[PDB]
Amino acid sequence: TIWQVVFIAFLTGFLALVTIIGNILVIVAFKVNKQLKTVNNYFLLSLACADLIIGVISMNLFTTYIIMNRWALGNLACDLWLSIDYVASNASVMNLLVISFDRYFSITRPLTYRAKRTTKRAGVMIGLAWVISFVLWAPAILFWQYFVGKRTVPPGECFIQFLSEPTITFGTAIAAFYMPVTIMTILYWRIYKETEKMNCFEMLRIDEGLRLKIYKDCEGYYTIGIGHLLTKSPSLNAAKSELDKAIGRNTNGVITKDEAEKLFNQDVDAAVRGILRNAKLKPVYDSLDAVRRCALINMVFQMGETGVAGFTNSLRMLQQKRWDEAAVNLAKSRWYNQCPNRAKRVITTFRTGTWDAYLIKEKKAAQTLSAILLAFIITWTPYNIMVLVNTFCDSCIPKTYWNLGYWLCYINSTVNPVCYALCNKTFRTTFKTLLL
Ligand SMILES: C[N+]1(C)[C@@H]2C[C@@H](OC(=O)C(O)(c3cccs3)c3cccs3)C[C@H]1[C@@H]1O[C@@H]12
């Protein structure tokens with residue numbers, strides 16, 4: 001009978017169609033919307049590119065492989081198929097690594113990486129990923145039968161020769177899947193917790209500013225980098241003494257772009273830990289929303305834990321949601337008189353709720369990473385765990401389970417473009433305007 005084989009093959013063909021029309025919709029949408037011409041979208045573009053080539057070639061040739069239960073198109077066809085397949089998938093997981101380190105460096109490195117990232121740099125990183133994936137797999141497959149001497153793969157099958165042993169296969173699974181997964185997992189949980197601090201920075205870049213030399217605040221106080229007050233005394237000799245105390249060497253005045261970035265984070269974390277430690281700042285910080293929190297930090301980042309602890313009547317109104325009543329309550333202080341230009345933008349935040357005074361695009365959690373990673377894990381885990389199982393025995397895993405797990409790794413490339421439309425609304429309207 002085996003008509004179910006033809007039926008299932010048609011389903012996989014349908015699945016392959018959904019994959020290729022889903023990925024080409026992403027490619028087209030990116031090149032016609034103009035509003036999606038950002039860096040992170042270009043990473044999703046290449047991810048869609050890798051899913052496209054693996055959804056138009058790999059899924060089709062594997063369908064015929066399980067259909068006729070053999071490989072009857074020579075050895076070169078099998079070698080080139082597995083090469084392109086593995087490279088594309090390895091470029092896919094490296095791309096996921098790129099995205100993971102992308103918006104993580106956008107957090108930890110506001111100046112080194114975040115303030116220096118173009119579409120050209122993205123193409124280099126992606127291009128580098130494909131080159132690495134190429135060198136790792138393509139010569140390893142092709143030039144292996146020309147290395148040992150004779151081909152192990154018999155006419156009628158199609159697999160990898162240097163993955164004969166289950167030990168070397170499991171080792172590759174660790175270094176190419178388990179290791180990237182744990183990293184992306186660690187990074188993601190260090191993004192979801194540290195996404196609120198990204199916008200905390202842009203406020204301090206407007207108020208305090210950025211400079212490598214040593215200047216003076218809106219009152220004549222020595223400060224280097226991003227709002228880091230070295231000292232309060234009008235003496236330059238002792239000002240640099242505190243500067244070199246934070247760096248580690250004789251800067252003789254000026255610093256670099258990475259040093260200023262480092263000294264910035266040392267004062268922000270000290271402020272936040274200065275809020276939680278303080279008995280009059282901790283309940284206030286926990287009574288405000290995540291958006292109103294950076295505004296409070298801006299006060300602590302400047303005045304200090306003590307300076308903000310001197311506003312008793314003010315902190316009481318913040319907890320009691322007396323925003324407009326606290327807006328005028330903060331307009332009667334030395335801070336509002338000495339450096340008033342920035343105070344107008346801080347107080348406005350406490351009475352409205354949004355940062356329309358500072359403008360700045362809002363950034364909340366990782367809306368894209370959660371979908372694509374969970375999809376990537378759930379789909380590929382039944383295969384890699386099966387490799388772990390296959391390692392400690394032989395006939396413990398049937399060929400059917402290998403084919404299914406191989407297909408589960410294929411639907412990963414199918415769900416990935418669907419994850420794009422199941423998140424951002426800009427991708428939604430662009431997938432809707434198309435096709436008409
Ligand atoms: C979807 N794939 C195309 C197929 C199944 C998956 O296989 C895996 O997840 C593996 O750990 C292994 C494949 C083979 C031995 S260990 C990876 C390989 C490369 C990057 S991760 C991922 C890729 C890989 O080509 C196979």
# chains A, B, ... in the order shown; residues from 1 in each chain; ligands from 1

$ residues_around --residues "residue 20 (chain A)" --least-positions-apart "3" --cutoff "12 Å" --atoms "only C-alpha atoms" --output "MDAnalysis selection string"
chainID A and resid 13:17 23:27 48:60 410:411 413:418

$ residues_near_ligand --ligand "ligand 1" --cutoff "6 Å" --atoms "only C-alpha atoms and all ligand atoms" --output "compact mmCIF listing (two decimals) with N, CA and C atoms, in the first residue's frame"
# COMPACT_ATOMS: atom_id res chain seq x y z
N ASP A 85 23.61 22.15 3.48
CA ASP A 85 22.65 21.99 4.57
C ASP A 85 23.26 22.33 5.92
N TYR A 86 24.39 21.69 6.23
CA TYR A 86 25.06 21.89 7.51
C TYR A 86 25.61 23.30 7.66
N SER A 89 22.71 25.72 8.35
CA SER A 89 22.20 25.54 9.71
C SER A 89 23.21 26.03 10.74
N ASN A 90 24.49 25.89 10.43
CA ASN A 90 25.54 26.37 11.32
C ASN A 90 25.66 27.88 11.24
N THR A 169 30.20 12.37 17.10
CA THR A 169 28.94 13.00 16.73
C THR A 169 28.35 13.75 17.92
N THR A 172 30.44 16.89 18.63
CA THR A 172 30.08 17.95 17.71
C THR A 172 28.75 18.58 18.13
N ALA A 173 27.85 17.75 18.64
CA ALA A 173 26.54 18.21 19.10
C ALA A 173 26.68 19.16 20.28
N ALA A 176 28.45 22.53 18.98
CA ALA A 176 27.71 23.26 17.95
C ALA A 176 26.26 23.53 18.32
N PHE A 177 25.76 22.86 19.36
CA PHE A 177 24.38 23.08 19.79
C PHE A 177 24.26 23.36 21.28
N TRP A 380 14.89 21.56 17.97
CA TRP A 380 16.17 20.87 17.78
C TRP A 380 16.53 19.93 18.93
N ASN A 384 19.09 16.47 19.20
CA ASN A 384 20.37 16.46 19.91
C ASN A 384 20.36 15.58 21.15
N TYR A 406 14.94 15.08 12.40
CA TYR A 406 15.54 15.84 11.32
C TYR A 406 14.52 16.80 10.73
N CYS A 409 13.88 19.73 13.11
CA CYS A 409 14.90 20.75 12.92
C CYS A 409 14.63 21.57 11.66
N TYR A 410 13.78 21.04 10.79
CA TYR A 410 13.38 21.73 9.58
C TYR A 410 12.21 22.68 9.83

$ select_by_dssp --residues "region 163-281 of chain A" --states "strand (DSSP E or B)" --output "ChimeraX atom specification"
/A:211-216,222-225,228-229

$ write_last_selection --atoms "C-alpha atoms" --output "compact mmCIF listing (two decimals), in the first residue's frame"
# COMPACT_ATOMS: atom_id res chain seq x y z
CA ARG A 211 33.50 63.96 26.89
CA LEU A 212 37.01 62.50 27.18
CA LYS A 213 38.61 65.64 28.64
CA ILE A 214 38.01 67.14 32.08
CA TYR A 215 35.42 69.92 32.24
CA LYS A 216 32.94 71.36 34.74
CA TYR A 222 35.21 68.64 37.89
CA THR A 223 33.73 65.79 35.85
CA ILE A 224 35.03 63.34 33.25
CA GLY A 225 33.23 60.82 31.04
CA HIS A 228 31.30 61.21 36.85
CA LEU A 229 32.21 63.92 39.36

$ residues_around --residues "residue 402 (chain A)" --least-positions-apart "3" --cutoff "10 Å" --atoms "only C-alpha atoms" --output "ChimeraX atom specification"
/A:382-383,386-387,397-399,405-408

$ write_last_selection --atoms "N, CA, C and O atoms" --output "PDB file, in the first residue's frame"
ATOM      1  N   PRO A 382      14.782  17.496  20.425  1.00  0.00           N
ATOM      2  CA  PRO A 382      14.538  16.058  20.253  1.00  0.00           C
ATOM      3  C   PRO A 382      15.599  15.368  19.399  1.00  0.00           C
ATOM      4  O   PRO A 382      15.757  14.153  19.496  1.00  0.00           O
ATOM      5  N   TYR A 383      16.317  16.133  18.583  1.00  0.00           N
ATOM      6  CA  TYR A 383      17.363  15.569  17.740  1.00  0.00           C
ATOM      7  C   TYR A 383      18.672  15.411  18.509  1.00  0.00           C
ATOM      8  O   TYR A 383      19.292  14.349  18.476  1.00  0.00           O
ATOM      9  N   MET A 386      18.540  12.922  21.231  1.00  0.00           N
ATOM     10  CA  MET A 386      18.565  11.624  20.566  1.00  0.00           C
ATOM     11  C   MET A 386      19.995  11.227  20.210  1.00  0.00           C
ATOM     12  O   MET A 386      20.341  10.046  20.215  1.00  0.00           O
ATOM     13  N   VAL A 387      20.822  12.221  19.901  1.00  0.00           N
ATOM     14  CA  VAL A 387      22.239  11.989  19.644  1.00  0.00           C
ATOM     15  C   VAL A 387      22.932  11.536  20.927  1.00  0.00           C
ATOM     16  O   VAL A 387      23.760  10.622  20.909  1.00  0.00           O
ATOM     17  N   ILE A 397      17.833   3.453  18.888  1.00  0.00           N
ATOM     18  CA  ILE A 397      17.061   4.471  18.182  1.00  0.00           C
ATOM     19  C   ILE A 397      16.821   4.086  16.724  1.00  0.00           C
ATOM     20  O   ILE A 397      17.767   3.975  15.943  1.00  0.00           O
ATOM     21  N   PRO A 398      15.546   3.881  16.354  1.00  0.00           N
ATOM     22  CA  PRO A 398      15.147   3.537  14.984  1.00  0.00           C
ATOM     23  C   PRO A 398      15.445   4.655  13.988  1.00  0.00           C
ATOM     24  O   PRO A 398      15.765   5.771  14.396  1.00  0.00           O
ATOM     25  N   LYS A 399      15.334   4.354  12.698  1.00  0.00           N
ATOM     26  CA  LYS A 399      15.585   5.346  11.659  1.00  0.00           C
ATOM     27  C   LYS A 399      14.436   6.344  11.559  1.00  0.00           C
ATOM     28  O   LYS A 399      14.625   7.478  11.120  1.00  0.00           O
ATOM     29  N   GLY A 405      13.100  13.735  13.922  1.00  0.00           N
ATOM     30  CA  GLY A 405      13.922  14.742  14.569  1.00  0.00           C
ATOM     31  C   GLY A 405      14.605  15.646  13.562  1.00  0.00           C
ATOM     32  O   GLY A 405      14.826  16.826  13.822  1.00  0.00           O
ATOM     33  N   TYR A 406      14.937  15.082  12.405  1.00  0.00           N
ATOM     34  CA  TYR A 406      15.544  15.844  11.321  1.00  0.00           C
ATOM     35  C   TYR A 406      14.517  16.802  10.725  1.00  0.00           C
ATOM     36  O   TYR A 406      14.860  17.895  10.272  1.00  0.00           O
ATOM     37  N   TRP A 407      13.255  16.383  10.734  1.00  0.00           N
ATOM     38  CA  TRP A 407      12.161  17.221  10.253  1.00  0.00           C
ATOM     39  C   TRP A 407      11.799  18.290  11.276  1.00  0.00           C
ATOM     40  O   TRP A 407      11.420  19.400  10.911  1.00  0.00           O
ATOM     41  N   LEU A 408      11.909  17.949  12.556  1.00  0.00           N
ATOM     42  CA  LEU A 408      11.656  18.914  13.620  1.00  0.00           C
ATOM     43  C   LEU A 408      12.665  20.053  13.539  1.00  0.00           C
ATOM     44  O   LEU A 408      12.347  21.197  13.847  1.00  0.00           O
TER      45      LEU A 408
END

$ atom_distance --atom1 "CA of residue 167 (chain A)" --atom2 "CA of residue 385 (chain A)"
13.3 Å

$ closest_residue --among "A:251, A:412, A:64, A:319" --to "residue 286 (chain A)" --atoms "only C-alpha atoms"
A:319

$ select_by_dssp --residues "region 111-172 of chain A" --states "alpha helix (DSSP H)" --output "PyMOL selection string"
chain A and resi 119-142+145-148+166-172

$ residues_around --residues "region 325-334 of chain A" --least-positions-apart "5" --cutoff "10 Å" --atoms "only C-alpha atoms" --output "list in words"
residues 311, 313, 314, 315, 316, 317, 318, 320, 339, 340, 343, 344, 346, 347, 348, 349, 350, 351 and 352 of chain A
